[PDB]
Structure formats: structure tokens, C-alpha cells
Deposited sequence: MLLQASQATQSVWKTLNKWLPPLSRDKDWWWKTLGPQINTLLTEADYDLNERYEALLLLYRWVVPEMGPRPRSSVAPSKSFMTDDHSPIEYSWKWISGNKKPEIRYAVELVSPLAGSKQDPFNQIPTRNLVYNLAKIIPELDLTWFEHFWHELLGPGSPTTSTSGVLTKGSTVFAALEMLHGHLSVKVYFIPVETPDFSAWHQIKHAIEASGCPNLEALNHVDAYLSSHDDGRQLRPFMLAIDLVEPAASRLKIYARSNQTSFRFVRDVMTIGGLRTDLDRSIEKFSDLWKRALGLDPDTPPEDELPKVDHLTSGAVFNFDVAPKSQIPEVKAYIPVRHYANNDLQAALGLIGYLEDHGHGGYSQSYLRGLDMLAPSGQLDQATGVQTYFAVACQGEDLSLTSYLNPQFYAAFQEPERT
């Protein structure tokens, strides 16, 4: 085991950092091993984890009560893994998002817990040269800086191990005021970035469409590459849960055509993963669940390369499915029905590793979202996983 070797030989850490190491290391190593990553990449992932992530995770979990209301996960776990399924018998891609913390979180020196994420990004930039911080600095400055109701967090980072190299993504969650909505801030920032037809399409949809007006933008994500190559993803939530609504948002009210076959496949997967009745009418709503993160969630890639924006829909399994085992088996049934299930048992072993002792069959929580994108006639799927350090304190 790569983690066992590194733990045998790296210098021992203090109580909190060591707990985080002996918890996150085995988890990330297990996921990468089930995704068949090369040994060297496993070593790199865990050495990054040991030097830059573990020291900045804060105090170790000690109760079912989290020391923050972090927006990363519903139980406020500050880590979220994700397992992207790749077509054509290829290996899955492993990514993990982290919200680092410091004893200054909440003080007037860092009231929204932003400095550790900044430092992490700068450290990575110093080590990996391919990272570009021009747009990070722009959007940080416009959304979190000295000018700038809270979702519990305002920034976090994501490491994508792309089999060969590492990419970084940054998420800004604007703080809203009665006069400046999150969407207001994100639109003004993007318009200042120096790109804009796709943004205008999203603005028209959100402002004047009957189903677009039910979306509330809340997050912006960028990649730390050259700004011409970076994606601009705007995340939007709605109280609506009918698949008729999800389909219309996927089509942006019809701006996107040539999506009929993939949306049929999407309806199949939606009912399969959520455990719905196969004859469920697309007009029907999911049974109501009141929660800060309930409802349908979507992202709109509004990057200048695109002309028309692209949409990714997130099936919220933690809120509308019956249990993680049912949801995972439904997703895997869809994937294997389309020849994309070479790593189904690897995914299940990862789930069992992440799952609270004996709860895959009884509860939701491990899988947070199944993200769906319509690539031509097929689907692109991503499973988002929550380690549940507090909902399931071991």
C-alpha cells in the first residue's frame, strides 16, 4: 500500500494532522487503486496530501457535530471525492475538492475562511508550472476581495488527477447582500474578465424564461489554466424537480437542439438512479424535501469558445433516492446497459470503503450527486462522494 509505505517513512504528525492523514490517505489511495492509477501517481497524490492538505484541515472530527457549516457537503465534511466515468473501457478519473481552514476562520482577519485556499493554490502554482493564476486573481478580487447571507463557505479548491498530470479548479461562492445577488456579482465579474454570447444566453434564460426564472445562481467555478482554455461554470439551484423541468434546463429552453436521444437516455438514468417508477410522468415532481441543497442543480459552462452554453445536470441522490446501494446499482445498470461498466465493482468497493459501517443499504449520504452531461448522443456521468466525517462519526 502506497499510504502504508509513506506512513511508515514520513515524519509523524501531531494528533489532528495525523488523524486527517490516516483517514484521507487510505481513502484517496483506495480510490486511485480502484481506478487503476499508476503507482507513481498514487505516490504523488499522497505526498501532495501530506504536505499541503493535511496540515490545513483544522481539528480532527471528534463528534457528530461539525466545527463549521461548510458548504462542501450536507453534513459539512470539508472533503468531497468524485469518480468520473469515461466511455470506451477507459479508467475513471478521480478528483477531490477540499475546503482548507485555519484558526482565523470567522475572525475579522478571515471572516469567510478564504486564506488557506489561496495559500494552497499558490503552493500548487509554485510546484506545477502549467497552472495560470490570472483569472483566479481576477475572480478572487471581484468576488471575495476588499470590495465584495452566506452559504457557509465562499471558496474551495479541487484537485483533478488526470492520469498523467494534475489540474486545479477553484469554486467561488459569493456572499449575497440585499442589493447584490450572487448572480449579479458573477455576471459583473465575468463581464470584467475580458472574454460573451454564451453568458448573455444564460442571462436571458435566467431572466425571461418561465423555467429559467426558477433557478438561483450560487457558484462560479474556473480552471487554473490560461484564460482562453479555462471553463466558466455557473451553478444554479431550483426548487423544481420534475424531469420536464430538468430536461428544459438541459436544453436551455430549446437553445440547444440535437439532444433528443441523449435526453431519452437521461430520463432512463434519472428514474433508474432515483428509484422512481418506470412509468413516472415527466411532469410529476419528486416528493418534497426541504433542505439548503435540495431541488435540481445545474451548471452552465459559459466559456467564450462555446457560442452556445453547455449544461450539466446533477441528480441529487442523497435527497431523493432510497439508499446508496440502490442508487449505485441503478447507475451501474444504466452504465452496463451502454457498455460503460468496466469499473462497476471498483466503484462499489470505493463506496464500501467510504460508507459508514453498515449503512449503504439503509441510508443515503455516501453519494451526493450523479452529474450528467449530454455529449452528442451519449451521457457523461460523474459520481460525487461524501466521506461523512460527522454524519457518521466512527
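Missing from the model relative to the deposited sequence are positions 1 to 10, 159 to 166, 214 to 215, 415 to 419 (no C-alpha coordinates, numbering from 1).
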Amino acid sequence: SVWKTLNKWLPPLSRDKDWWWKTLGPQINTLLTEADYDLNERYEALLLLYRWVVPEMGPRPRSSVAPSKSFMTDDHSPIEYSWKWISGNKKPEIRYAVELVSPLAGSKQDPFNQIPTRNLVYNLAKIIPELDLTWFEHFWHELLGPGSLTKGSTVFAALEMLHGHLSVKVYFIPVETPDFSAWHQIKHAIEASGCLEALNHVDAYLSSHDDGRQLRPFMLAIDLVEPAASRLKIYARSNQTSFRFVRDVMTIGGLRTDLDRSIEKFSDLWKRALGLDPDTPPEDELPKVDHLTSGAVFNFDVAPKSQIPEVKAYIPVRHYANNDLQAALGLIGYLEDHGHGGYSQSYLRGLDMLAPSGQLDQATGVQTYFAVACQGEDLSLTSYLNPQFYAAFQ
From here on, numbers count along this sequence of modelled residues.
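Two stretches are in play, 216 to 224 and 257 to 265, and the higher mean C-alpha B-factor belongs to 257 to 265. Here 237 to 245 and 88 to 96 are compared by their mean Cα B-factor, and 237 to 245 comes out higher. The PDB entry assigns its highest CA temperature factor, among 277, 160, 324, 75, to 277. Ranking 174, 316, 116, 147 by the C-alpha B-factor listed in the PDB entry places 147 at the top. Sort the chain's modelled residues by C-alpha temperature factor and residue 17 lands in the middle third, per the entry. Among the modelled residues of its chain, residue 183 has a C-alpha B-factor that falls in the highest third, as given in the PDB entry. Ranked by C-alpha B-factor against the other modelled residues of its chain, residue 58 falls in the middle third.
Annotation for residue 103: CA B-factor lies in the middle third of the chain's modelled residues.
Among the modelled residues of its chain, residue 29 has a C-alpha B-factor that falls in the lowest third according to the deposited record.
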